[PDB]
Structures are given as C-alpha cells and as structure tokens.
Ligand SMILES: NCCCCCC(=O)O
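Encoded as structure tokens, the following chain is the form deposited without the ligand, with no partner shown.
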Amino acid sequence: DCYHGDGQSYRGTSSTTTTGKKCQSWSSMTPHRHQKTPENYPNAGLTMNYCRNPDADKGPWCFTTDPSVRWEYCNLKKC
C-alpha cells in the first residue's frame, strides 16, 4: 500500500525496490552481509524480506538480491 512519514512504522508486505529488484531477507547474509538483523534492531519489524526502515532513513529500503547492488529504496508511495 503506502507508508506514513519516514515509514519507520511501515509493517507491510512490499518487497521490491524502486528498480524492480527483489529484496534480500534481513536474516540472511547472502548475497550481502549486514548488521540490520532483528537481533540488532528489535523494534524495526525485520521479518522475511519486507521493505523496512531500521536506521530511520527517509523511507523503507531493503538489501537487494542482486550481487551488484547492495541496497535500494523500496517501490512504495508515501500515503
């Protein structure tokens, strides 16, 4: 659907970036290793590969499943 404000409260099912790439799961370290895991960000709703905003950036984002592109913003409109 959409997100409000900076989308740190977004708990949707969206999981595709702005360029149509599929998001990587927050609990996997492949293809990109990272520290934005549910253990490090317990209140961010980090589940499956859904778009989220653990670091309080401008809007929901995800690590991508393309080995060449670490992360991008998600394909979501601002409510």
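Throughout, we count residues from 1 along the sequence that is shown.
Just so it is clear, the following notes concern the form solved in complex with the ligand, a form of the same protein that is not shown.
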Query - in the deposited bound form, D66 touching the ligand (heavy atom, 4.5 Å) - result: no
Query raised in the report: Hey, in the deposited bound form, does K22 get a heavy atom within 4.5 angstroms of the ligand?
Result: no
Report task. Answer for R70 alone: is it within 4.5 Å of the ligand in the deposited bound form, judged on heavy atom distances? Result -> yes
**Report entry** in the deposited bound form, residues of 19-51 near the ligand [heavy atom within 4.5 Å]
**Finding:** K36
